[PDB]
Amino acid sequence: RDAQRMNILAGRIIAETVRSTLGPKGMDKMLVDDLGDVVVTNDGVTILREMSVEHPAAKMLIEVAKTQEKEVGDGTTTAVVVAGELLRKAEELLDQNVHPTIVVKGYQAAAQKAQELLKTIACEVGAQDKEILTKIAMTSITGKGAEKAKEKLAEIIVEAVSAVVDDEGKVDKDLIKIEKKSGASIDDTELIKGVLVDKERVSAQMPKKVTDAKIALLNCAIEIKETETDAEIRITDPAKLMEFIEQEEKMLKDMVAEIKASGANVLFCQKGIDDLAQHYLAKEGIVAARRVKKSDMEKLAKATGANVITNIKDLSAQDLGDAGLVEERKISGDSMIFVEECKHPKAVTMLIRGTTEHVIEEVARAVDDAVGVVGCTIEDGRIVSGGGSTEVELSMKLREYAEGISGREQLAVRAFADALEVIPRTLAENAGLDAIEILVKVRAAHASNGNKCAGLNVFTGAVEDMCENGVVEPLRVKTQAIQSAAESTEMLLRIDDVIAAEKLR
């Protein structure tokens, strides 16, 4: 009957499911499917994918949320929490004989004006500074649950983003690898200036450590090839399989011998090998490997300047790797292969450690997002204090700007400004303090000539300088989040009917 009303009421149900998950403190509400896999995660976008939807219009708010992650990588819940607030204020005006179009024009006028205010509040920082980059690092890691040694993990991530700053001044998400492996604890994390493979030596007869060795990385299986033309083989004497073993050992011995003549020694195969074959090759001091991930063949090619080879016969000296120090040291119990190259490393890799698979995965979801928010701010060079202090300042200036606009439209620009007061309200409930009792003091700091940073601290619980505490965020996350929220709400306001079309493709 109402149709339009069914949308604004439905929009408030999806927001409440991911409203209390804002900020560090905040429980979660899991919805196990019919299968029974009980999974829990402190994230918003991760729950929208598994969680289904009833009405078809509900997918409109989920589509815009996907773009916020692939582009920015943080703040998806910050855009949906402010969306539901607008839908709750719209009905307050529609009952007063107001047309929906009058509310849409108000958000567009306030959204465009907010773009000019955020640029003035944002401060200027350096692109080579380190102390400023250490504060932003502690803000992203806090969003995953890891305060046992955050001071240490924040010191290794700030050095990685600074060592991957090309001359042109950009950031790439490919030259920063990640490897998870639980063993001792999280304190065993270290920044490696190269790559790392989770393999070991196929045999103990080969050398244990070498120096200045020409690595030869292969990628195939020593087998008989076949041309495009059909060619079948016939067999009739089963007593030939035994004779083929003796004829195969010499084929592999002379083959590996040709690789040693070119100055190489280290090898990387892709399948098993005879037990006795490696004996003749290990006594001569020839390192080798078997079964390696294809993803590792790409990073080793750039780290050691090597290149993937498909035919062992076609191998040149230029395609051989050049490592400065290759050693297979231990890492608390288990051992792995390692390669160093501090002379001029082009990439880096973070080795995550822990006691189980549940703790290493938490910190793993923070290193990939930290380099993103920290890699973009270096290109633009503009940041602003977080903690909702930006919305508290604009909440006062938007009221003065509303006086300039006359008519029946000023009721919309005021509702949008007051709608931004939900961010500091949700964080108050989780902290255990009355929001209305603290929301009156924050406005006192931003009276007129006061500072533009006082907000709220979930730890101590009082208005304090957020800059000294280290609570800042990029500037693109705010402009992009507010831009997506202001554009997504228009999809539900500019509609008042649902035709029952069949077979539309």
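- What the deposited record gives as its method is cryo-EM, and the resolution it gives is 4 Å.

## Structural notes on the overall build of the protein
Piece 1. Counting secondary structure elements, the protein contains 17 helices and 13 strands.
Piece 2. Here the protein has a C-alpha radius of gyration of 30 Å; the compact-globule value for 505 residues is 23 Å, and the former is much larger.
Piece 3. If you line up the protein on its principal axes, its C-alpha atoms span 95 × 60 × 40 Å.
Piece 4. Expressed as a percentage of the 505 residues in the protein, the buried residues total 41%.
Piece 5. Considering only intrachain contacts with a sequence separation of at least 6, the fraction spanning at least 24 residues in the protein is 74%.
Piece 6. With 67 positive and 88 negative side-chain charges, the protein shows a separation of 1 Å between the mean positions of the two kinds.

## What about the environment of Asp 172?
Piece 1. Positionally, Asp 172 belongs in the loop between α7 (150-162) and β2 (176-180).
Piece 2. Residue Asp 172 is classed as partly exposed on the basis of its relative accessible area, which comes to 38%.
Piece 3. A polar atom in the side chain of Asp 172 sits 3.0 Å from the backbone nitrogen of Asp 174.

## Notes on the environment of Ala 301
Piece 1. Among the secondary structure elements, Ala 301 is positioned in helix α10 (residues 296-303).
Piece 2. For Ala 301 and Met 350, which are 49 residues apart along the polypeptide, the C-alpha to C-alpha distance reads 18 Å.
Piece 3. Excluding its chain neighbours within four sequence positions, the residues that come into contact with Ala 301 are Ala 306 and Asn 307.

## Quick look at the side chain of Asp 43
Piece 1. Its place among the elements puts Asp 43 in the loop between α1 (4-16) and α2 (45-50).
Piece 2. Of the buried charged residues, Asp 43 lacks a salt bridge, with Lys 144 as the closest side chain of opposite charge at 4.5 Å.
Piece 3. Among the polar contacts listed, one links the side chain of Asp 43 to the side chain of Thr 46, at a separation of 2.5 Å.

## Comments concerning empty space enclosed by the protein
Piece 1. Summed over the entire model, instances satisfying the criterion amount to 9 cavities of 30 Å³ or more.
Piece 2. For the largest cavity, the calculated volume is near 380 Å³.
Piece 3. As for the largest cavity, its lining consists of 28 residues, of which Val 266, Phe 268, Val 287, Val 326 and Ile 337 are closest to the centre.
Piece 4. Secondary-structure elements contributing two or more residues to the lining of the largest cavity are β4 (196-197), β5 (209-210), α10, β9 (325-327) and β10 (337-340).
Piece 5. For the lining of the largest cavity, the per-class residue count stands at 21 nonpolar, no polar and 7 charged.
Piece 6. Taken as a whole, the second largest cavity holds about 130 Å³ of empty space.
Piece 7. Every residue lining the second largest cavity is listed: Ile 141, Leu 153, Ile 156, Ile 157, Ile 186, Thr 189, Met 350, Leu 351, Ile 352, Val 363, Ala 366 and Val 367.
Piece 8. Those elements that place two or more of their residues in the lining of the second largest cavity are α7, β11 (348-352) and α11 (357-380).
Piece 9. When the residues that make up the lining of the second largest cavity are grouped by side-chain class, the tally is 11 nonpolar, 1 polar and no charged.

## Quick look at the sheet that holds strand β3 (residues 190-192)
Working definition: the strands of a sheet are paired by backbone hydrogen bonds and lie parallel or antiparallel to each other.
Piece 1. Strand order in this open sheet of 3 strands is β2-β11-β3, and the pairing throughout is mixed. Edge strands, defined here as strands with exactly one partner in the open sheet, are β2 and β3. Averaged over all pairs of adjacent strands, the angle between strand axes in this sheet comes to 25 degrees, irrespective of strand direction.
Piece 2. As paired strands, β3 and β11 are joined by 3 bridges and run antiparallel to one another. Note that in β11 the partner of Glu 190 across the bridge is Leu 351.

## Focus on the pairing of strand β12 (residues 382-385)
Piece 1. Bridge count between strand β1 (residues 123-124) and β12: 2 bridges; the pairing is antiparallel. Of the residues in β12, the one forming a bridge with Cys 123 is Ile 383.
Piece 2. Inspection of the sheet shows β12 paired to strand β13 (residues 472-474) by 3 bridges, in the antiparallel sense. Looking at β13, one finds that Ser 385 is bridged to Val 472.

## Here's the deal with the packing of aromatic side chains
One pair of aromatic rings is described through two measures. These are the centre distance and the angle between the planes.
Piece 1. Summed over the entire model, instances satisfying the criterion amount to 1 aromatic pair.
Piece 2. Arranged with centres 5.8 Å apart and planes meeting at 40 degrees, the rings of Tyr 107 and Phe 416 form a pair that is tilted. Of this pair, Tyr 107 sits in helix α5 (residues 100-121) while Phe 416 sits in helix α13 (residues 410-419), placing them 309 residues apart in sequence. The same class applies to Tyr 107 and to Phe 416, which are both buried.

## Regarding a nonpolar patch on the surface
Piece 1. Residues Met 242, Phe 244 and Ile 245 make up a contiguous nonpolar surface patch of about 300 Å² in total accessible area.
Piece 2. Mapped onto the elements of the fold, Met 242 is located in helix α8 (residues 240-261).

## A closer look at the nonpolar core
Piece 1. Core analysis: the largest hydrophobic core is formed by 30 residues, its most contacted members being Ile 215, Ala 216, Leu 217, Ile 259, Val 266, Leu 267 and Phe 268.
Piece 2. Element by element, the count of residues in this core is highest for α8, at 3 residues.
Piece 3. What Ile 215 contacts, discounting residues up to four positions off in sequence, is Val 266, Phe 268, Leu 320, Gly 321, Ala 323 and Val 326.
Piece 4. The next biggest cluster of nonpolar side chains, apart from the first, holds 14 residues, and it includes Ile 132, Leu 133, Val 158 and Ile 383.

## Points about α5
Each full turn of the α-helix corresponds to 3.6 residues, which orients residues three or four apart in the same direction.
Piece 1. For α5, built from 22 residues, the straight-helix expectation of 32 Å at 1.5 Å per residue is met to within 8% by its first-to-last C-alpha distance of 32 Å.
Piece 2. Burial in α5 covers these residues: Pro 100, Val 103, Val 104, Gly 106, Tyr 107, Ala 110, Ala 111, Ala 114, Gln 115, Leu 117, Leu 118 and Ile 121.

## Concerning the packing of helix α6 (residues 131-141) against α7
Piece 1. Two numbers describe how α6 lies on α7: the axes approach to 9 Å, and their chain directions differ by 120 degrees. In terms of orientation, α6 and α7 fall into the oblique class. When the axes of α6 and α7 are compared, the crossing they make is right-handed. On the side of α6, the interface is formed by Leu 133, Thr 134, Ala 137, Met 138 and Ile 141, while α7 contributes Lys 150, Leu 153, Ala 154, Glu 155 and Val 158.

## Here we look at the state of the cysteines
Piece 1. Under the criterion given, the structure shown has 0 disulfides.
Piece 2. In this structure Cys 376 is not part of a disulfide, and its nearest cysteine sulfur, from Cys 123, lies 17 Å away.
Piece 3. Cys 453 supplies the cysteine sulfur nearest to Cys 467, a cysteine that is in no disulfide, at a spacing of 3.9 Å.

## Details of the pairing of β10
Two faces, one strand: in a regular strand the side chains alternate between the faces of the sheet.
Piece 1. Looking at chain direction, β4 and β10 are connected through 2 bridges and run antiparallel. Counterpart to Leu 196 in the pairing with β10 is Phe 338.

Here is what the cut-offs are and how they apply
Residues are labelled from 1 along each chain in written sequence order, independent of how the entry numbers them, and those without coordinates are excluded. Side-chain metrics in this entry use all non-hydrogen atoms of the structure; hydrogen atoms and water are not considered. By definition, any uninterrupted DSSP run of H or I lasting at least four residues is a helix, any uninterrupted run of E lasting at least two residues is a strand, and each is numbered from the N terminus. Each radius of gyration reported is based on C-alpha atoms, and the globular scaling rule is 2.2 Å times the count of residues to the power 0.38. Burial here depends on accessible area, computed with a 1.4 Å probe over protein chains only, as a share of the maximum for the residue type. Under 20% is buried, over 50% is exposed, and the range in between is partly exposed. It only takes one pair of heavy atoms within 4.5 Å for two residues to be counted as in contact. Only four residue types enter the charge count, namely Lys and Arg as positive and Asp and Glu as negative; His and the chain termini do not. Charged side chains are reduced to one point each, which is NZ for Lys, CZ for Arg, CG for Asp and CD for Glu. Between N or O atoms, a polar contact is any pair within 3.5 Å; within protein, one atom must be a potential hydrogen donor and the other a potential acceptor, and residues adjacent in sequence are included only when both atoms are from side chains. Should a side-chain nitrogen of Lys or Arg be within 4 Å of a carboxyl oxygen of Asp or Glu, the pair is scored as a salt bridge. Only protein atoms enter the 1 Å grid used here. Points where a 1.4 Å probe fits but cannot escape make up a cavity, open sets with protein on both sides within 12 Å along at least five of seven lines make up a pocket, and a residue lines them when an atom lies within 4 Å of a point. Grid points are joined across faces, edges and corners, and a volume is the space filled by probe spheres set on the points. Residue polarity follows a fixed list, in which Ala, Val, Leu, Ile, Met, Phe, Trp, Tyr, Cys and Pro are nonpolar, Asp, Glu, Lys and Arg are charged, and the others, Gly among them, are polar. At least two bridges found by DSSP between two strands is the condition for calling them paired. Axis lines are fitted to C-alpha atoms, over the contacting stretch for helices. Their N-to-C directions set the angle, which ranges from 0 to 180 degrees. Here is the rule: rings of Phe, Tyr and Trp (six-membered ring for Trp) pair when centre to centre is within 6.5 Å. Planes less than 30 degrees apart are stacked, more than 60 are edge-to-face, and the remainder are tilted. Patches draw on residues past 30% relative accessible area with no salt bridge. Two like charges within 9 Å are joined, as are two nonpolar side chains (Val, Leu, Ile, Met, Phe, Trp, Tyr) within 5 Å. What sets the accessible areas is the Shrake-Rupley method with a 1.4 Å probe; for residues, cover comes only from the shown protein chains. The definition of a nonpolar core used throughout is a set of buried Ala, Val, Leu, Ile, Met, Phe, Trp, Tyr and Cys residues joined through side-chain atoms within 4.5 Å. Multiplying 1.5 Å by the residue count of a helix minus one yields the expected span of that helix. Angles below 35 degrees are treated as roughly parallel, those above 145 as roughly antiparallel, those between 65 and 115 as roughly perpendicular, and all remaining angles as oblique. What makes a crossing left-handed is the near helix being turned counterclockwise from the far one by less than a right angle; a clockwise turn instead makes it right-handed. Pairs of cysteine sulfur atoms within 2.5 Å are what we label disulfides.

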